[PDB]
Amino acid sequence: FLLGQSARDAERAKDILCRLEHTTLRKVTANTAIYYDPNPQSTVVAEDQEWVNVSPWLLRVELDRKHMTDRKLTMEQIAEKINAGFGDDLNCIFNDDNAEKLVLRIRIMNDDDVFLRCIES
Amino acid sequence: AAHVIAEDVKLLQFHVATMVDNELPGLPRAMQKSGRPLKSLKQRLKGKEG
Amino acid sequence: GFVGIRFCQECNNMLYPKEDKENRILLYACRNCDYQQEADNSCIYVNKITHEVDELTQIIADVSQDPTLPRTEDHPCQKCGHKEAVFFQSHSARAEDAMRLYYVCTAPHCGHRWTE
Amino acid sequence: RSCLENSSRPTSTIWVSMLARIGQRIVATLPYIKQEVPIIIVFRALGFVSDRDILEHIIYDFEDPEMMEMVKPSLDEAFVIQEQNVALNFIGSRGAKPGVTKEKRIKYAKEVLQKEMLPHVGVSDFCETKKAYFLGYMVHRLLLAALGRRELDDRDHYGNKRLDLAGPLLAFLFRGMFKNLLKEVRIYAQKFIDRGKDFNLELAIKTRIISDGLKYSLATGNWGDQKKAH
Amino acid sequence: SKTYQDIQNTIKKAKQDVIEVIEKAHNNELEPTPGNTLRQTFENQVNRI
Amino acid sequence: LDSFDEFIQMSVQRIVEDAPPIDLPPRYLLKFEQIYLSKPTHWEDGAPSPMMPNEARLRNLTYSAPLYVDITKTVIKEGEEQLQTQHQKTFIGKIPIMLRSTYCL
Amino acid sequence: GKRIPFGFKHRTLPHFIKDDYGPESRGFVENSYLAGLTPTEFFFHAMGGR
Amino acid sequence: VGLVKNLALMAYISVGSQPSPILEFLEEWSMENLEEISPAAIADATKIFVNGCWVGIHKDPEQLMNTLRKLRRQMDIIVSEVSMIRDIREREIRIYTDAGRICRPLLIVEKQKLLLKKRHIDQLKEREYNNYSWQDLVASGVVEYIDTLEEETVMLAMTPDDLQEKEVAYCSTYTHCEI
Ligand SMILES: [Zn+2]
Ligand SMILES: [Zn+2]
């Protein structure tokens, strides 16, 4: 039962609904493609974003938009939970919230191949 | 014979226990040589119609 | 896209991806064999969480001779221009939320399928 | 439920199941094996040492990488067994009566892969190439039901049911009643050749095996013997 | 017999209403109700009719 | 009726022609083949006469027919001396017959 | 609680055609007990009444 | 309730037959046998399945289903109980000859007409006066025993006139009709 002003407007009751339902990454994620891109500026892909941010294997994870907004999430909090859940053994390099594709990039840094699969599950 | 006594009492145990409980888990049920298991004392008062 | 299984050339077993720790490249070596062949995809495992599937890839053209499948004459083919076409819904488990129809041209040697 | 045609062997059921969850490992629950064995081990026991060749039996189009990456996880699982012989030792190491020597164990795992599992495809001397196709078809059809490309079978569909009328109901009896009398003429040839005398069968043929087994089960209704009627 | 006509007309209008819901969903215009999939909003509109 | 007739006509000659021959010191062969069946008879102090179902119903008999098979015994031993002392029509048992089948009176 | 289910493959009886969501094809009986029920809806009325 | 059932009036339970003249026929059409096949040729080819046994591969399944069906409608190699199912969507032809499969007879419908024409009614009205019977309707290729796994790919009409007439179309591809 909602308490204050949230009880009337459907808008301010909707973010309560977001603050209670269980959202993991699988609900917002779309495509997970691990890669052996050795040189992080080389980026076997078309992405000029790493070149502004600067191990040879990554996890390009491209997110969803109509799933990322309908729960109202930004990449800063995903990026923060993404290193707070695994500590400083990883280095997420998020996109910006202007581009059309919502890509994350993970890399390990410090049986190595399967490990990005082990932590991506 | 100090070795057969062991089997004698194993079979005595089987009989005296299936007298008061015919259903044991993992134990052969004492049947009559008509082929039907017995009604032990526990079954005479076990469930409905005890 | 994807990655396939690419099989060995000596023992015809499955090649694993293995990073070359000297020249900085991605290889595919074997377990039973000592066969190193040089990769080209530079993509190892891909995963469609959306599981985005196109149904037109699964439609065989042989459906058009199904007596039990409805026929229209209001959607004509595009390659041939036949008037008859059969139509059906995804007919798949795991149909996410769609009651979309699929058409197949009911004319032999065509089997063109399309979605509207 | 694989069965041959009213053989003195009953029906014998495989199970090519897939685990819930690396994830996605296919197992097999062969008959006369207590545990389960991953399937690539079976395809090597049937005698396909290469990995491409198991896969040509499972995946008919190598062009959809959709079904390729679904059987990788189980293809990595048994990379430790590669020839036929260690493969039989894996399955043979699991029976109800596991043989104390290795060679007893391979003689087991070769006999269950030729008469116990999938008999209807054949129980001959060489039928592995068609027990391999029919096994790879069972795996393939499991992978279609998991990729979601095909709907699961309904247990209630009457196309999936057979009725046993008064014909098979009785040929199920007359097999056991005809095996009991060959067990009777056996002991009666035995108590009689061992005296070194000669044995006669008119007295060995116990007529009260058929005439009374039929008349008993058709009278009480219990479809079995009288000694195991409950 | 006037009631029979009233009933046959109601029933034909209803069979007609469900045909349009089916058209809409067949051309992807039946937008889901917020809380249901497509096959549930469809089945709900139909059972309401 | 069709199910029973098919049991009698095929499935019995199939259950018995595929049971393996038994052997056992020298050992023998003892092979079964070619079964036959007769019509329900009663005294087969009496004389064999056909039981009619209503007589089988009134005397609490069992309308059945007796089964015969032809068994070739081959007992074979040292000196290579075998005889196929073949036992024709050996009684096996009595098989009950479904009324108004092809084998009912 | 649902309408009559697709018991054959994608249809409810063999008379209808694959993927038929219409009212008659899924169980909506449109007669009354005075007019009597059509053959298909006799069957669906029995599936329901079971 | 619901566990004990009853047959319907015209249900026949099939009694069983040997699959050997089918196996022998199919061999001498254009089948290809399972042990002399290259595993690369099962992709675009329907798999044949006699009695649960996958025995063969065939590259053209619109000639088997029409030949197998002609050959039951004459009662010659396939007896009338055998049921050939053709799944279109997955490439499978399944042929059952075994016993215990419940089936029932249905009139046959060729284009939109029935095959039961007024000759058969008149000859059949004069049965018991000579010797014309139901077996001639089956042998002449007019009725058929379709059963439940094969009934899933018939398109069945309920009455013959009224469902095989001409309106706005419901199907216009009926294949059987109920008696
Ligand atoms: Zn290799
Ligand atoms: Zn076309």
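Which whole number gives the average, over all residues in D:201-211, of C-beta atoms from other chains lying within 10 Å of the residue C-beta?
Going residue by residue through D:201-211 and averaging, the value is 4.
Per DSSP H run of n ≥ 4, the term is -39500 (n - 2.57); total these for chain H, divide by its residue number, and report the mean residue ellipticity at 222 nm rounded to 500 deg cm²/dmol.
-6000 deg cm²/dmol
Of G:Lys2/H:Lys166; C:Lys48/D:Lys72; C:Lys79/E:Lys24, which ones are farther than 23 Å apart at the Cα?
Cα-Cα > 23 Å for G:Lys2/H:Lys166; C:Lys79/E:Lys24; rest within.
In debye, nearest 20, what is the charge dipole magnitude of chain H about its Cα centre with +1 on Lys and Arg Cβ and -1 on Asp and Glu Cβ, if you could check?
My answer is approximately 500 debye.
Provide C:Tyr35, A:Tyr36 in ascending order of the number of other Cβ atoms located within 10 Å of each residue's Cβ, fewest first.
Listed from fewest to most nearby Cβ atoms, that is C:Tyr35, A:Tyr36.
What GluC sites (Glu not before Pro) in the stretch H:20-115 are in a loop by DSSP, with at most 16 other Cβ atoms within 10 Å of the Cβ?
In loop regions of the stretch H:20-115 (DSSP not H, G, I, E or B), the sparsely surrounded GluC sites (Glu not before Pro) are H:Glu90, H:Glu110.
Once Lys and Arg get +1 and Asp and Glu get -1 on their Cβ, which of B:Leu24, D:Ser17, F:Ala56 lies farthest toward the positive end of the dipole of the protein assembly as shown?
F:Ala56
How far is helix G:39-49 tilted off the main Cα axis of chain G, in degrees rounded to 10, range 0 to 90?
Relative to chain G, helix G:39-49 is tipped by roughly 90 degrees.
What's the center-to-center distance, using Cα atoms, between the stretch H:128-145 and the stretch D:171-230 in Å?
46
Which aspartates and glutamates have a Cα lying under 19 Å from the Cα of E:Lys13, excluding residues fewer than 8 positions away in the same chain?
E:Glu23, E:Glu43, G:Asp20, G:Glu24, G:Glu30
Using unit Cβ charges (K, R positive; D, E negative) and no other charged atoms, how large, in debye to the nearest 20, is the dipole of the protein assembly as shown about its Cα centre?
The dipole magnitude comes to about 4560 debye.
Based only on other Cβ atoms within 10 Å, what is the fewest-to-most ordering of D:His120, A:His22?
Fewest-to-most ranking of D:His120, A:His22: A:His22, D:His120.
Is there a quick way to get the dipole size of the stretch C:3-47? I mean about its Cα centre, with the Cβ of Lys and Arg at +1 and of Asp and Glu at -1; what is the value in debye to the nearest 20?
Dipole about the Cα centre, nearest 20: 160 debye.
Among D:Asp212, F:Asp45, which comes first, then next, by fewest other beta-carbon atoms within 10 Å?
F:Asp45, D:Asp212
Using Cα centres only, tell me the gap between the stretch D:40-92 and the stretch A:14-69 in whole Å.
Value for the Cα centre distance between the two parts: 34 Å.
Taking amide H atoms as placed 1.01 Å from N in the peptide plane, list the residues 5 or more away in sequence, or in a different chain, whose amide H sits under 5 Å from that of C:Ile49.
The list, which skips near neighbours in sequence, is A:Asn31, A:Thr32.
Under a cut-off of 23 Å between alpha-carbon atoms, report the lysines in cross-link reach of D:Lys191, not counting same-chain residues fewer than 8 places apart.
D:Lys179, D:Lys183, D:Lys206, F:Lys31, F:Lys73, F:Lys77
Classify the stretch D:85-230: rounded, prolate or oblate, from the alpha-carbon gyration tensor (a ≥ b ≥ c, eigenvalue square roots; a/c under 1.5 rounded; otherwise prolate if a/b is larger than b/c)?
oblate
Rounded, prolate or oblate: which one fits the protein assembly as shown, using the alpha carbon gyration tensor with axes a ≥ b ≥ c (rounded when a/c is under 1.5, else prolate when a/b beats b/c, else oblate)?
It comes out oblate by the Cα gyration axes.
Round to the nearest 10 and give me the degree value, 0 to 90, for the angle of helix H:61-72's Cα axis relative to the longest principal axis of chain H.
Tilt relative to chain H: about 50 degrees.
Pull up the DSSP beta bridges for the protein assembly as shown and report the antiparallel fraction as a percent, rounded to 5.
The antiparallel proportion sits near 90 percent.
Would you mind pulling out the separation of the Cα centroids of the stretch H:150-179 and the stretch F:27-87, in Å?
56
Where a number appears in this text, it was derived from the coordinates with a stated rule and is not lab data. Counting neighbours? That spans all protein chains shown, and the Cβs are built from the backbone with ideal geometry, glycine included.
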